[PDB]
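Student: Dumping the structure here so I can ask a few things about it.
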Amino acid sequence: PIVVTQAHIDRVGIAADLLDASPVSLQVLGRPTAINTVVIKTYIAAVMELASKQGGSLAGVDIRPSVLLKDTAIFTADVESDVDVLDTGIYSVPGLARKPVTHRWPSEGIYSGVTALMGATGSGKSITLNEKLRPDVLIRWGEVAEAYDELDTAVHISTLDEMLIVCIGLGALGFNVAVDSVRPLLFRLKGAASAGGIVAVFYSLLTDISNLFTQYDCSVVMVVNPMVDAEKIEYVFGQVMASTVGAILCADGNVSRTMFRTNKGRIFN
Amino acid sequence: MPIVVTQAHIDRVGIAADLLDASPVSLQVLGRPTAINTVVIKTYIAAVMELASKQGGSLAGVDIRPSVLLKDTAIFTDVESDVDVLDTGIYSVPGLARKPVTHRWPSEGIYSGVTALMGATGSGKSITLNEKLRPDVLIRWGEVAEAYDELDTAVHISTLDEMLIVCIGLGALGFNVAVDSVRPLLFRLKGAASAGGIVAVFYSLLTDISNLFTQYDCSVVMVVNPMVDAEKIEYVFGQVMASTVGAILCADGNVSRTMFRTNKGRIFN
Amino acid sequence: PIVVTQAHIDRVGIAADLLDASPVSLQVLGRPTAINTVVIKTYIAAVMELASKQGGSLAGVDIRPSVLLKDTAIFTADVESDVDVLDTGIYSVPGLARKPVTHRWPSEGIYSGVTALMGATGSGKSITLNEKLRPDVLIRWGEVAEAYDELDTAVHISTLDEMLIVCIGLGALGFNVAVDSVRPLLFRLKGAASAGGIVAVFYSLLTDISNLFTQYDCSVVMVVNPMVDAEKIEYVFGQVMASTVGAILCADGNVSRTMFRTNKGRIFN
Amino acid sequence: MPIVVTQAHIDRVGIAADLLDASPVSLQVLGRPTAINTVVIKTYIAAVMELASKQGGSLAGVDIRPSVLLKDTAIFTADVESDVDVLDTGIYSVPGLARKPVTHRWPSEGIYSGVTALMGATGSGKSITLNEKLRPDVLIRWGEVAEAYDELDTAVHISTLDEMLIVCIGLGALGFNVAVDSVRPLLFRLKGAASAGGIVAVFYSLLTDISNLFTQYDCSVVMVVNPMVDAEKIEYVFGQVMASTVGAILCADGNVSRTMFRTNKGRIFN
Amino acid sequence: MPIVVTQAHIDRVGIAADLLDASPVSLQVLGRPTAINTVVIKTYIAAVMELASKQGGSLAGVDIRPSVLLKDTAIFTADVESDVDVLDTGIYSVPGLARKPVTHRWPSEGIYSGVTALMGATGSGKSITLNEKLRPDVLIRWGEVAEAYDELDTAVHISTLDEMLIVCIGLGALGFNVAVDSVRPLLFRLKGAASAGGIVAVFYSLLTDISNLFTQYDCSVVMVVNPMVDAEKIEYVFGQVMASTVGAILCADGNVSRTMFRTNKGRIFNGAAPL
Amino acid sequence: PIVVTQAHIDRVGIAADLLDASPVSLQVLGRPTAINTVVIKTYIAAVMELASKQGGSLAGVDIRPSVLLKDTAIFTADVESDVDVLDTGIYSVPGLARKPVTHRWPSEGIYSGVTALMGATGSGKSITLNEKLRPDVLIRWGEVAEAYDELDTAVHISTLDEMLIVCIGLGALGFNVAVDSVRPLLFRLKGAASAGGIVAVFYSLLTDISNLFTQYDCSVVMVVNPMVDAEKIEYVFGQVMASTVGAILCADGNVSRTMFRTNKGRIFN
Ligand SMILES: Nc1ncnc2c1ncn2[C@@H]1O[C@H](COP(=O)(O)OP(=O)(O)O)[C@@H](O)[C@H]1O
Ligand SMILES: Nc1ncnc2c1ncn2[C@@H]1O[C@H](COP(=O)(O)OP(=O)(O)O)[C@@H](O)[C@H]1O
Ligand SMILES: Nc1ncnc2c1ncn2[C@@H]1O[C@H](COP(=O)(O)OP(=O)(O)O)[C@@H](O)[C@H]1O
Ligand SMILES: Nc1ncnc2c1ncn2[C@@H]1O[C@H](COP(=O)(O)OP(=O)(O)O)[C@@H](O)[C@H]1O
Ligand SMILES: Nc1ncnc2c1ncn2[C@@H]1O[C@H](COP(=O)(O)OP(=O)(O)O)[C@@H](O)[C@H]1O
Ligand SMILES: Nc1ncnc2c1ncn2[C@@H]1O[C@H](COP(=O)(O)OP(=O)(O)O)[C@@H](O)[C@H]1O
Ligand SMILES: [Ca+2]
Ligand SMILES: [Ca+2]
Ligand SMILES: [Ca+2]
Ligand SMILES: [Ca+2]
Ligand SMILES: [Ca+2]
Ligand SMILES: [Ca+2]
């Protein structure tokens, strides 16, 4: 189950302050799109109200945004991925001038941001996540029917808006949020593939997502599975390390490599 | 050869309508998410049952084609394949929080979803499907004139809307539905080819199709034959295993490899 | 000459029937487009009247659609080849529930559909077509001035609409129709080339064309010579066999390989 | 150097007008089929004959350029992209001739009417072979830098594709031996995905459509075709072009490497 | 860690305003030339000086971010595609300086005004070289993950390209040693067909246009440029970048592998000078 | 300095006759665009008027078009680079029926047109141009701050319109005009790269530019440095020789190869 502590209740006000304090946007190959902070606040309030209906114990099924919110839109005519970058402009989510809030998960003293759980298909990513990492909230997206779907920690989403709502919303409150998988986004990323058989904007998106979590004191682990050649995975993992607060590589059911940006410094394996 | 409607099928009609109304679904490829009109599937089920009532329950595949039973066969209610992912949004069909309904076909105790019948051209996919699999309903799409077209189990469709209508409609009632083949969709998949000489959205589509069947308690076998190199088929089959409930590989008229997600767990050969 | 037998006259009524009974469309990378059946019927009527005015012995020049019909259009604002597959939908011409009508040409007991006469430039396709296959009607499209143009069996077309009119129109009556060539359609196929250096929709088009002939009891031989590498022709011929009722490979002025789907079964060489 | 108008040319004027009016033609590339205004070609022929009459039959290539003789040089009669559905634009190929083509003595004996492609790498001797070995009656110069051939009285300097077809169909139908050096402005602007041989497939369709356009109007034209292709891939492309033209000439190190001509005595390879 | 405003900076304010008004500039990429609103840069300089005055000369990078000081951060003043005819859009390059450019002591001695490009593969030590060896006065942080450099009082966190140019031209003209870590948000969103070296050709034109923009406004800027390029094509890309900037530094294995600086003493390739 | 001789003053009338006599246009991948001859005439008049106010000694800074003309536009709604060639038409600047005016620069007896100074980055193109070629007017465009910018012969431009104005305007008068560089145009050439890793229209543009100078009796040297592989430069240089009146290749600070079309014939090294 997903148990709501007094620590989570005390973070509600702070979470609302963090969201209102900084206006954020996101961009991919098109034009920068603003994130409606209000929706995340509304989600937190809905989760707290339901938590109150129960004994603080929540079922992942009951906290899905499609059930709690009338509208699940976070992004507020249509632009092509091959338009002039000077007509659309360029946006990256700004960094934190202050020291980021540290966490005990996925690693000790890790800064707020995003961790990428990498590896080839069947390398043990989902296994490593649920057995070794053991998240408080397990977001399930674009993955076939598995044993992890029967878990009361599992929250089934359909859109990118829903992913960010649950990640920012619950992550800000102090929950250890995880996403399995981020394949719906990755496999629909349109554009010319750069060095490593993957679009360059993929690395920019990971940085923008990481900083979005750093700003809202979230500690999120995302399963990032790329359609990349068996030997080109090492290059891509090195490139992802420069774009995320955390990075975990899986090979043959075990953890091959690690990288974490902590209060004790950047730790490699 | 005939398609017989048992009392078991009649008793599932109400449940099928209940599953369809309970969850609103959509589908996305490289464009924008498009909603699926559930009502059309319900209307199809009612038309099949009405005809089964007039006949002895012994129905001919020719008489149950949607173009004949329905006035309009549309299930989806103009965007380029190279448009910003943030302007269209991303959609994946949500997972099942509950345990999926098990089936005896194509394998014992297999969960509801999709099975991909893979193999090179002339590897014996169509032969394995009809002789070894023995499906109740055989959907024939984008295939040249063969002996399987003269079968009373054969239902000849033209559109993707029709495929989903027959698959969800009859599959929900408990019928063992099969599609030979899904080639018109695969060969019209526009986009930049990823690792393995195939567009990445192909794997996302298989998962979205699988989850669509998992949600509506369907057990469907689709023969998937995409344009891929003779040696690159092993990589693609491994990737498809991570995107479907079932996977069957054909080589020299026989079954080379198998993967099934059952109540007894994931079974490899 | 092109001689009209009583057997052809007796098929006129059956041809109008077949054409009215099933509404057909065609799709490539755009949106599905309906085929106006009336135009084919109008063409048959104009050919029969001219055959009745002359001695039954017609000249290919006199039966060209541009001469017999006021308008040659078969297809009834503008869509790009890179448009979302979900916005246009997917269409494949439906298969035949009944047994297809057999023919003695290009092979004994062959089912109605299309035969692809394949080979590199100067492999002997056009020689094999005119000397070994001996067609009744020879449609000449996208080819330079050759000896075959002076033939009384030769009918010179300009559009794809005209090709289908003569193929379906005369083919349905029992004539052995051949197209030399289909290069104006192949070389103008816009899209990203799949495995084998050729667009995947090419194989779907051959199946759709074949089934169009299977439905209207036609036996058509099309010379198909797409821009493909000298060594990649074997792979492409292999994929074409899985997309057509007949397949003939030319090399060094002679027949290299054959495949025919007959009443006695699929025959390979 | 001069362009002389014989009685044979004068006697063909009526026949040329008949050939043009008899068959309506179009052209297509990656967009939609575009009709060719036959009237413009007839108007050009009339202007050339009138000037030939004022002179002694002896004409200067400079004086017979379409931009000088016609007020409007347009042959093709809102805007479509090269990546549009083939089914929405339709497909057009210029129809073949049911009758025997009109044979010529140039570039080869008994060669049928149509187009000949003068191929070869850059500096292989295409322009040299064209002017020294071929000896054309009319030399169309297009998209080529300043050379000795521009000072020739046979040289007619054009700017558009419309102008090329006007001079090719107009003068070729009358019986003149017309040549184009070169067709690089069309080839280098051919938009589309490059097929096998590092060149767009529609290139081969265009050569056939151009060939048949000349076959129908009994024109004997030699076009120097030099597309951007790899040094070793030229052999493959030349073989493919042979299947798309009435004539084909390959140049290598200033000399003629290979030949192909479709004649009344049959197809002749070297 | 702090950003100190000297009398030298105060004396440059007028000079900077004149430089901006004297020459009208634009920028182009694959679309239509877009004009740069000089007024916004002047307004930013005035806001920085006014705040420097309220504080004791010393300023915090957080307080000088354009989003905080200006009501609108737009520098570029309907929508054109990256694949439009070059003749329908025309071509624009920022013009060169007819006079001798203002020399600087940073990033190299006697260097001309313009842009310096700090190259290297990922984890080659670009950010380390920038902060330890180069020591910039103002550190612009853009599209980079949470690092130790973000806690620095020299760090100014931006989000747009408009903001980058405002801080670079605005503070750089006054005499500050401005650095950008990273320029990746721009590089990773460069739409177009990749040329030789697995990178769009307009990338090199943009570096030259950015360099000349700084040469005209007497700025000395160091931009860290991380290219999505294969391990073996980095040498080719660097050679090409050297021909497009006033300064270029290559990083490999935590150290400086190669340098190029256009100084008053001439073009110096791989000099004996610690940064 | 830039000195105006009596020879230049005597050419003013002839330059107007040349510009008025032939209407010209330019095309790239879009539609043909007319060149407004009047603007070039206006520029010549402004240069001569200023040369008069001076002692015949002009500063390159004072003769820049942005300073002398109110509007710098030469080309007189918006078309895509991937539009049908038949809808835009094709334009090449026409050749000269007469013998071209000869020059003593960059080579003895060279015909009027364009010379391409080629070579890898840092091969010594700019060095060869200013030390060995010694041009009368050095147009500086899209190049970084160098010693050549402080030269009184240097004229700094921003647009392609400005380049052609100075090249045609001053070149027609007899000045030895050079451009360092043509990179702003070359690095913004949109389209599919042909053989040699460069767009085919690049070679057509060089010929069109060369013929534009041949028609207006100009002798211009352009630094052409396109993004091409280290080994592919030899192929491209050979192709450029077939597209220009002059061609110079640079390697390791020295001149590797030369080609000039003179009154004494085509001279190779
Ligand atoms: N093709 C295969 N054959 C055998 N076992 C496999 C195969 N693919 C995966 N497995 C098993 O599944 C485990 C990985 O499961 P999982 O965590 O779901 O992988 P991932 O999330 O990376 O796709 C492996 O350690 C192995 O035991
Ligand atoms: N090229 C070939 N040569 C010989 N036999 C072939 C060939 N291609 C297919 N076959 C025969 O057809 C069988 C496969 O039929 P089928 O099930 O229709 O294949 P698929 O559906 O995979 O295309 C093979 O087992 C073999 O007996
Ligand atoms: N490159 C060539 N060299 C020599 N003869 C050739 C060549 N190409 C074709 N031929 C001749 O033409 C014949 C093939 O003719 P044809 O059927 O028209 O070819 P295609 O396969 O292109 O339709 C060959 O048998 C040979 O006699
Ligand atoms: N790179 C070169 N080196 C030496 N001579 C050359 C070179 N390129 C061309 N030539 C000379 O020019 C002749 C070819 O001239 P030309 O007919 O104009 O060629 P093309 O029209 O095929 O481009 C060759 O036979 C040779 O004498
Ligand atoms: N894969 C790695 N394994 C070990 N150390 C690494 C790795 N990647 C980077 N480092 C360390 O980080 C340093 C580079 O840090 P940084 O300046 O942030 O690089 P950059 O800015 O070029 O991405 C290296 O000198 C090395 O000590
Ligand atoms: N990577 C380098 N290493 C050393 N010297 C170089 C390098 N690149 C250029 N140079 C020097 O600069 C000279 C070339 O200068 P320049 O004319 O500006 O070249 P270009 O115009 O072709 O880019 C060379 O002759 C050499 O002395
Ligand atoms: Ca998994
Ligand atoms: Ca099959
Ligand atoms: Ca042939
Ligand atoms: Ca030539
Ligand atoms: Ca860094
Ligand atoms: Ca230079």
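Going through the structure tokens in order, the chains are called A, B, and so on, while each chain numbers its residues from 1 and the ligands are numbered from 1 in the order shown.
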Check the DSSP output for the backbone and give back, as a ChimeraX atom specification, the residues of stretch 57-217 of chain E in helix (DSSP H, G or I).
Tutor: /E:66-69,86-89,126-134,148-151,161-173,184-187,202-216
Student: Limited to N, CA and C atoms, could you put the picked residues into a file as a short mmCIF file (atom, residue, chain, number, x, y, z; two decimals), in the first residue's frame?
Tutor:
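Output saved as part.cif:
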data_model
loop_
_atom_site.label_atom_id
_atom_site.label_comp_id
_atom_site.auth_asym_id
_atom_site.auth_seq_id
_atom_site.Cartn_x
_atom_site.Cartn_y
_atom_site.Cartn_z
N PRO E 66 17.78 37.81 -15.97
CA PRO E 66 16.87 38.73 -16.69
C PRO E 66 15.39 38.59 -16.34
N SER E 67 14.93 37.34 -16.05
CA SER E 67 13.53 37.03 -15.69
C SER E 67 13.07 37.79 -14.43
N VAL E 68 14.02 38.15 -13.54
CA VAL E 68 13.80 38.85 -12.29
C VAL E 68 13.89 40.38 -12.51
N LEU E 69 14.88 40.84 -13.32
CA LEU E 69 15.14 42.27 -13.56
C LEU E 69 14.24 42.90 -14.64
N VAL E 86 15.78 29.37 -49.54
CA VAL E 86 16.84 30.27 -49.06
C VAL E 86 16.76 31.65 -49.78
N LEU E 87 16.23 31.66 -50.99
CA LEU E 87 16.03 32.87 -51.78
C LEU E 87 14.76 33.64 -51.36
N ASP E 88 13.78 32.96 -50.72
CA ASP E 88 12.54 33.59 -50.25
C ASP E 88 12.76 34.21 -48.87
N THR E 89 13.81 33.74 -48.16
CA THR E 89 14.19 34.21 -46.83
C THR E 89 15.43 35.10 -46.91
N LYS E 126 35.13 19.60 -19.40
CA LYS E 126 34.83 20.95 -19.89
C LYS E 126 34.44 21.87 -18.72
N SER E 127 33.41 21.47 -17.94
CA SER E 127 32.89 22.22 -16.80
C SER E 127 33.96 22.43 -15.72
N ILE E 128 34.84 21.42 -15.53
CA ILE E 128 35.97 21.45 -14.58
C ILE E 128 36.99 22.49 -15.04
N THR E 129 37.39 22.46 -16.33
CA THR E 129 38.35 23.40 -16.92
C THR E 129 37.79 24.82 -16.84
N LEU E 130 36.48 24.98 -17.17
CA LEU E 130 35.81 26.26 -17.13
C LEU E 130 35.88 26.92 -15.73
N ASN E 131 35.55 26.18 -14.67
CA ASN E 131 35.46 26.77 -13.35
C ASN E 131 36.79 26.79 -12.59
N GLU E 132 37.65 25.77 -12.76
CA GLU E 132 38.94 25.73 -12.06
C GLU E 132 40.02 26.50 -12.80
N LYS E 133 40.27 26.17 -14.11
CA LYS E 133 41.32 26.80 -14.91
C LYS E 133 40.90 28.17 -15.46
N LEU E 134 39.69 28.32 -16.03
CA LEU E 134 39.29 29.61 -16.60
C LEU E 134 38.82 30.65 -15.57
N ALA E 148 27.68 21.25 -8.54
CA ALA E 148 28.25 22.13 -7.51
C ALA E 148 28.31 23.59 -7.97
N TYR E 149 28.42 23.81 -9.30
CA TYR E 149 28.54 25.13 -9.92
C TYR E 149 27.25 25.95 -9.78
N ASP E 150 26.12 25.29 -9.50
CA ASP E 150 24.83 25.96 -9.36
C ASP E 150 24.70 26.70 -8.02
N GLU E 151 25.49 26.29 -6.99
CA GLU E 151 25.48 26.89 -5.66
C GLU E 151 26.36 28.14 -5.57
N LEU E 161 17.22 31.47 -25.11
CA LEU E 161 18.35 31.96 -25.92
C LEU E 161 18.43 33.49 -25.81
N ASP E 162 17.26 34.16 -25.74
CA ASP E 162 17.12 35.61 -25.57
C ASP E 162 17.86 36.04 -24.30
N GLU E 163 17.61 35.33 -23.16
CA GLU E 163 18.24 35.56 -21.87
C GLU E 163 19.76 35.40 -21.96
N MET E 164 20.25 34.36 -22.68
CA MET E 164 21.69 34.12 -22.83
C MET E 164 22.39 35.31 -23.48
N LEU E 165 21.84 35.80 -24.60
CA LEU E 165 22.39 36.93 -25.34
C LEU E 165 22.32 38.22 -24.52
N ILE E 166 21.23 38.43 -23.75
CA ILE E 166 21.06 39.60 -22.89
C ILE E 166 22.22 39.69 -21.88
N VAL E 167 22.48 38.59 -21.15
CA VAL E 167 23.52 38.53 -20.13
C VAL E 167 24.91 38.60 -20.79
N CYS E 168 25.12 37.86 -21.90
CA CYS E 168 26.40 37.83 -22.61
C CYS E 168 26.78 39.21 -23.18
N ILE E 169 25.88 39.85 -23.97
CA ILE E 169 26.12 41.17 -24.56
C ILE E 169 26.10 42.26 -23.47
N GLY E 170 25.08 42.25 -22.63
CA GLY E 170 24.91 43.23 -21.55
C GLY E 170 26.09 43.35 -20.61
N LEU E 171 26.47 42.23 -19.96
CA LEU E 171 27.57 42.22 -18.99
C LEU E 171 28.95 42.15 -19.66
N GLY E 172 29.04 41.44 -20.79
CA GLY E 172 30.27 41.29 -21.54
C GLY E 172 30.81 42.59 -22.08
N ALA E 173 29.90 43.49 -22.53
CA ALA E 173 30.22 44.82 -23.07
C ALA E 173 30.83 45.71 -22.01
N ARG E 184 24.09 23.52 -25.01
CA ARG E 184 23.33 22.29 -25.38
C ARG E 184 21.83 22.55 -25.67
N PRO E 185 21.04 23.34 -24.88
CA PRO E 185 19.62 23.57 -25.25
C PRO E 185 19.41 24.01 -26.71
N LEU E 186 20.34 24.84 -27.22
CA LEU E 186 20.37 25.34 -28.59
C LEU E 186 20.83 24.24 -29.56
N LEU E 187 21.98 23.60 -29.26
CA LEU E 187 22.61 22.57 -30.10
C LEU E 187 21.73 21.34 -30.33
N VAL E 202 24.75 24.83 -40.41
CA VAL E 202 24.35 26.14 -39.87
C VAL E 202 24.91 26.36 -38.45
N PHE E 203 25.36 25.27 -37.79
CA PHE E 203 25.95 25.32 -36.45
C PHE E 203 27.21 26.18 -36.49
N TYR E 204 28.05 26.01 -37.53
CA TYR E 204 29.30 26.74 -37.71
C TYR E 204 29.05 28.20 -38.07
N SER E 205 28.00 28.46 -38.86
CA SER E 205 27.60 29.81 -39.22
C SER E 205 27.10 30.56 -37.99
N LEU E 206 26.33 29.87 -37.12
CA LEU E 206 25.81 30.45 -35.88
C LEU E 206 26.94 30.86 -34.93
N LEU E 207 28.00 30.02 -34.79
CA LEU E 207 29.16 30.31 -33.94
C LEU E 207 29.87 31.59 -34.42
N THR E 208 30.03 31.76 -35.76
CA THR E 208 30.66 32.93 -36.39
C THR E 208 29.80 34.19 -36.15
N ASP E 209 28.46 34.07 -36.35
CA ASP E 209 27.49 35.14 -36.13
C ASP E 209 27.48 35.56 -34.65
N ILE E 210 27.57 34.58 -33.73
CA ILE E 210 27.62 34.85 -32.29
C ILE E 210 28.98 35.53 -31.97
N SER E 211 30.09 35.01 -32.53
CA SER E 211 31.43 35.57 -32.32
C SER E 211 31.50 37.02 -32.76
N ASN E 212 31.00 37.33 -33.97
CA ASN E 212 31.02 38.70 -34.52
C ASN E 212 30.10 39.64 -33.72
N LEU E 213 28.99 39.11 -33.18
CA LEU E 213 28.06 39.85 -32.33
C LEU E 213 28.81 40.33 -31.07
N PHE E 214 29.69 39.47 -30.51
CA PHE E 214 30.51 39.81 -29.34
C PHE E 214 31.68 40.71 -29.74
N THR E 215 32.24 40.54 -30.96
CA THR E 215 33.36 41.36 -31.45
C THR E 215 32.90 42.82 -31.61
N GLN E 216 31.67 43.01 -32.12
CA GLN E 216 31.06 44.31 -32.33
C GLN E 216 30.73 45.03 -31.01
#
Student: When you look at residue A:69 with a cut-off of 8 Å (counting only C-alpha atoms), what residues show up, excluding the ones that are within fewer than 5 positions of it in the same chain? I need them as a PyMOL selection string.
Tutor: chain A and resi 42-43+46
Student: Put those residues in a file: N, CA and C atoms, as an mmCIF file, in the first residue's frame.
Tutor:
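That gives us selection-v7.cif:
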data_model
loop_
_atom_site.group_PDB
_atom_site.id
_atom_site.type_symbol
_atom_site.label_atom_id
_atom_site.label_comp_id
_atom_site.auth_asym_id
_atom_site.auth_seq_id
_atom_site.Cartn_x
_atom_site.Cartn_y
_atom_site.Cartn_z
ATOM 1 N N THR A 42 -4.107 20.686 -7.187
ATOM 2 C CA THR A 42 -5.446 20.096 -7.157
ATOM 3 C C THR A 42 -5.337 18.580 -6.933
ATOM 4 N N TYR A 43 -4.350 17.932 -7.585
ATOM 5 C CA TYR A 43 -4.082 16.508 -7.437
ATOM 6 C C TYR A 43 -3.656 16.193 -6.004
ATOM 7 N N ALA A 46 -6.610 16.326 -3.668
ATOM 8 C CA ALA A 46 -7.467 15.173 -3.919
ATOM 9 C C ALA A 46 -6.913 13.909 -3.250
#
Student: Give as a PyMOL selection string the residues surrounding ligand 8 up to a distance of 8 Å, considering only C-alpha atoms and all ligand atoms.
Tutor: (chain B and resi 121-122+124-127+143+180-181) or (chain C and resi 242)
Student: For residue D:115, work out the shell of residues within 7 Å, counting only C-alpha atoms and skipping chain neighbours fewer than 2 positions away, then give it as a VMD selection string.
Tutor: chain D and resid 117 210 to 211 214 220 to 222 245 to 247
Student: Could you state the separation of atom 8 (N, counted along the ligand's line) of ligand 4 and atom CA of residue F:267 in Å, given to one decimal place?
Tutor: 9.9 Å
Student: Residues at most 7 Å from ligand 6, using only C-alpha atoms and all ligand atoms? Could they come as a PyMOL selection string?
Tutor: (chain E and resi 239+243+269) or (chain F and resi 119-128+252-253)
Student: Could those residues be written to a file, using N, CA and C atoms, as a PDB file, in the first residue's frame?
Tutor:
ATOM      1  N   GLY E 239      38.383  21.275 -35.699  1.00  0.00           N
ATOM      2  CA  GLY E 239      39.091  21.961 -36.777  1.00  0.00           C
ATOM      3  C   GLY E 239      38.198  22.943 -37.502  1.00  0.00           C
ATOM      4  N   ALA E 243      37.894  27.565 -37.166  1.00  0.00           N
ATOM      5  CA  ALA E 243      37.707  28.454 -38.321  1.00  0.00           C
ATOM      6  C   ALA E 243      36.437  29.334 -38.189  1.00  0.00           C
ATOM      7  N   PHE E 269      48.127  28.710 -31.982  1.00  0.00           N
ATOM      8  CA  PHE E 269      47.673  27.328 -31.900  1.00  0.00           C
ATOM      9  C   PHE E 269      48.499  26.578 -30.882  1.00  0.00           C
TER      10      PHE E 269
ATOM     11  N   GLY F 119      39.517  24.349 -50.594  1.00  0.00           N
ATOM     12  CA  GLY F 119      40.457  23.779 -49.634  1.00  0.00           C
ATOM     13  C   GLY F 119      39.835  23.508 -48.282  1.00  0.00           C
ATOM     14  N   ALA F 120      40.437  22.578 -47.523  1.00  0.00           N
ATOM     15  CA  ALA F 120      39.998  22.207 -46.169  1.00  0.00           C
ATOM     16  C   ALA F 120      40.131  23.398 -45.206  1.00  0.00           C
ATOM     17  N   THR F 121      39.525  23.324 -44.000  1.00  0.00           N
ATOM     18  CA  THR F 121      39.666  24.441 -43.055  1.00  0.00           C
ATOM     19  C   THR F 121      41.122  24.557 -42.606  1.00  0.00           C
ATOM     20  N   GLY F 122      41.646  25.769 -42.688  1.00  0.00           N
ATOM     21  CA  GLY F 122      43.031  26.064 -42.352  1.00  0.00           C
ATOM     22  C   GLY F 122      44.029  25.596 -43.393  1.00  0.00           C
ATOM     23  N   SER F 123      43.575  25.406 -44.655  1.00  0.00           N
ATOM     24  CA  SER F 123      44.437  24.971 -45.755  1.00  0.00           C
ATOM     25  C   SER F 123      45.202  26.153 -46.367  1.00  0.00           C
ATOM     26  N   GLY F 124      44.832  27.368 -45.973  1.00  0.00           N
ATOM     27  CA  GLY F 124      45.472  28.586 -46.431  1.00  0.00           C
ATOM     28  C   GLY F 124      44.734  29.290 -47.540  1.00  0.00           C
ATOM     29  N   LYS F 125      43.388  29.250 -47.521  1.00  0.00           N
ATOM     30  CA  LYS F 125      42.563  29.907 -48.549  1.00  0.00           C
ATOM     31  C   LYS F 125      42.628  31.423 -48.410  1.00  0.00           C
ATOM     32  N   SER F 126      42.296  31.950 -47.209  1.00  0.00           N
ATOM     33  CA  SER F 126      42.319  33.383 -46.891  1.00  0.00           C
ATOM     34  C   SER F 126      43.720  33.988 -47.088  1.00  0.00           C
ATOM     35  N   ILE F 127      44.777  33.215 -46.748  1.00  0.00           N
ATOM     36  CA  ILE F 127      46.183  33.598 -46.901  1.00  0.00           C
ATOM     37  C   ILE F 127      46.515  33.742 -48.391  1.00  0.00           C
ATOM     38  N   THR F 128      46.149  32.724 -49.215  1.00  0.00           N
ATOM     39  CA  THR F 128      46.385  32.707 -50.663  1.00  0.00           C
ATOM     40  C   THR F 128      45.643  33.872 -51.304  1.00  0.00           C
ATOM     41  N   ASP F 252      47.863  22.754 -47.108  1.00  0.00           N
ATOM     42  CA  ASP F 252      48.995  23.059 -46.221  1.00  0.00           C
ATOM     43  C   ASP F 252      49.621  24.438 -46.522  1.00  0.00           C
ATOM     44  N   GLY F 253      48.765  25.452 -46.659  1.00  0.00           N
ATOM     45  CA  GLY F 253      49.171  26.835 -46.918  1.00  0.00           C
ATOM     46  C   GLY F 253      49.540  27.183 -48.350  1.00  0.00           C
TER      47      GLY F 253
END
Student: Around ligand 10, which protein and nucleic acid residues have at least one atom no more than 7 Å from it, if we count only C-alpha atoms and all ligand atoms? List them as a list in words.
Tutor: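 Those residues are residues 126, 127, 144 and 181 of chain D; 242 of chain F.
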Student: Please, which residues of chain C lie no more than 9 Å from chain D when the count uses only C-alpha atoms, and can they be set out as a VMD selection string?
Tutor: chain C and resid 26 to 33 60 to 61 75 77 to 82 120 to 122 140 to 147 149 to 152 154 to 161 183 to 193 197 to 198 226 to 229
